[PDB]
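Notes follow the structure.
Just so it is clear, the values below take in all heavy atoms, side chains as well, and ignore hydrogens, waters and symmetry mates. Residue numbers count from 1 along this sequence.
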Amino acid sequence: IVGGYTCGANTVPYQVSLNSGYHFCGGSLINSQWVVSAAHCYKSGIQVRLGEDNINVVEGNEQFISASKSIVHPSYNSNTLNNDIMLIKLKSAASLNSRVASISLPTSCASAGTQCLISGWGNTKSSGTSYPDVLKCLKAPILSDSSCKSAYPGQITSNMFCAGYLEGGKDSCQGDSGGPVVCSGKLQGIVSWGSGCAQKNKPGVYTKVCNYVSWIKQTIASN
Ligand SMILES: N=C(N)c1ccc(/C=N/NC(=O)c2cccnc2)cc1
Ligand SMILES: [Ca+2]
């Protein structure tokens, strides 16, 4: 997260770190057994880390639970990043409490102008490289589909939205991939892609979660 703020320990209780020997992606806990992330975060041997603040120090509220299965969206295209969504099932159910909690799925899509909270352990620099140890947060508005498409001609599908600031300076970044965009208490987005980070006229692009609620529910119901 570039141009954000320190969230505070366990203030984002649905935020997960996906670990394969090291943090490599974010995710969002949606019930005791399931995490939503980006399809581009897919890999084998995932351990889901819940209750994290400093990802390099055991602080007392962690739950580390191995993934039993991953399900990439049936229509994920890794070239265009269309349908950039994946479900991860935990080998055992998380113990849910104030600091480890699920986030509600949307029942309708969010509109341009809605404020959202985007979070993760990704790069904090727009030019160079610096990875934080503690969770970073950014409050950002959803942008109009027209401004999103203008920013990224020929690249924005109906399964994507832009959020952030056309002026630059405030954005998600590398390492935030797969993490949450939460608006009025609903998971509306997943950190998906962008051109660099926090660049002028290049806002973050996010998977449009409201499109996938039917698929998520039915997938969970049979797996
Ligand atoms: N501007 C954003 N909101 C944004 C931009 C990019 C990303 C994702 N980056 N991932 C990478 O670079 C990468 C990752 C692994 C290997 N090689 C390159 C997320 C958000
Ligand atoms: Ca920790």
Side-chain angles (χ1 to χ4, degrees), residues 1-8 10-17 25-30 35-41 52 81 83-86 101-124 126 132 134-152 155-213 216:
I1 305 284
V2 177
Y5 61 99
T6 295
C7 300
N10 312 114
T11 61
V12 189
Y14 50 83
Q15 172 85 52
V16 324
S17 169
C25 271
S28 307
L29 190 64
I30 57 164
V35 167
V36 173
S37 188
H40 80 260
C41 290
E52 287 282 16
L81 299 182
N83 305 293
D84 190 12
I85 188 170
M86 169 184 62
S102 51
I103 189 66
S104 302
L105 293 172
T107 52
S108 66
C109 301
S111 303
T114 305
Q115 187 199 83
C116 307
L117 180 73
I118 306 170
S119 52
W121 287 278
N123 194 355
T124 59
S126 54
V134 299
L135 185 71
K136 299 291 175 162
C137 275
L138 174 63
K139 291 184 181 183
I142 297 179
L143 297 174
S144 65
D145 288 343
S146 59
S147 69
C148 189
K149 289 160 71 81
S150 289
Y152 294 104
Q155 305 157 71
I156 307 298
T157 69
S158 63
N159 300 308
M160 300 170 189
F161 70 90
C162 289
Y165 299 90
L166 294 177
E167 63 261 50
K170 290 193 273 185
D171 201 1
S172 56
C173 200
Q174 173 164 18
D176 291 322
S177 288
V181 181
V182 164
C183 324
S184 310
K186 311 297 191 179
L187 184 68
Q188 296 283 7
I190 297 165
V191 181
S192 184
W193 64 277
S195 180
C197 312
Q199 301 303 292
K200 181 174 177 170
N201 294 131
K202 293 293 179 175
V205 188
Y206 300 96
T207 307
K208 194 166 170 170
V209 175
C210 63
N211 293 357
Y212 299 98
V213 167
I216 292 168

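Using a 4.5 Å heavy-atom threshold, the side chains of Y206 and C116 count as separate. Within the 4.5 Å cutoff, side-chain heavy atoms of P106 are placed close to those of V213. Put simply, the side chain of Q155 reaches to within 4.5 Å of the side chain of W193, judged on heavy atoms. Counting heavy atoms from C-beta on, the side chains of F161 and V181 come closer than 4.5 Å. A heavy-atom distance below 4.5 Å is not found between the side chains of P180 and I103.
Closest non-hydrogen pair, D84 versus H40, comes out as OD2-ND1, 2.7 Å. Of all non-hydrogen atoms in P203 and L143, the two that sit nearest each other are CB-CD1, 3.6 Å. Taking each heavy atom of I118 and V191 in turn, the nearest pair found is CG2-CG2, 4.1 Å. When all heavy atoms of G4 and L138 are compared, the closest pair comes out as CA-CD1, 4.4 Å. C137 approaches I1 most closely through the heavy-atom pair O-CG2, 3.9 Å. In plain terms, the two heavy atoms of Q188 and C210 that are nearest each other are OE1-CB, 3.8 Å.
To the nearest 0.5 angstrom, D176 atom CG is 11.5 Å from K136 atom NZ. Taken to the nearest 0.5 Å, the CG atom of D145 stands 8.0 Å off from the OG atom of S147.
Using a distance-only test at 3.5 Å, with no hydrogens or angles considered, a donor-acceptor pair links the side chain of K202 to the main chain of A151. Side-chain atoms of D171 never come within 3.5 Å of backbone atoms of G164 as a donor-acceptor pair (strictly under, hydrogens ignored). Under a 3.5 Å cut-off, the side chain of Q199 and the backbone N or O of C197 do form a donor-acceptor pair. Panel note: side chain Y14, backbone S104; no donor-acceptor pair is recorded below 3.5 Å. Looking only at distances, no side-chain donor or acceptor of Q115 sits under 3.5 Å from a matching main-chain atom of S184. Using modelled atom types, one side-chain atom of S37 and one backbone atom of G26 make a donor-acceptor pair closer than 3.5 Å.
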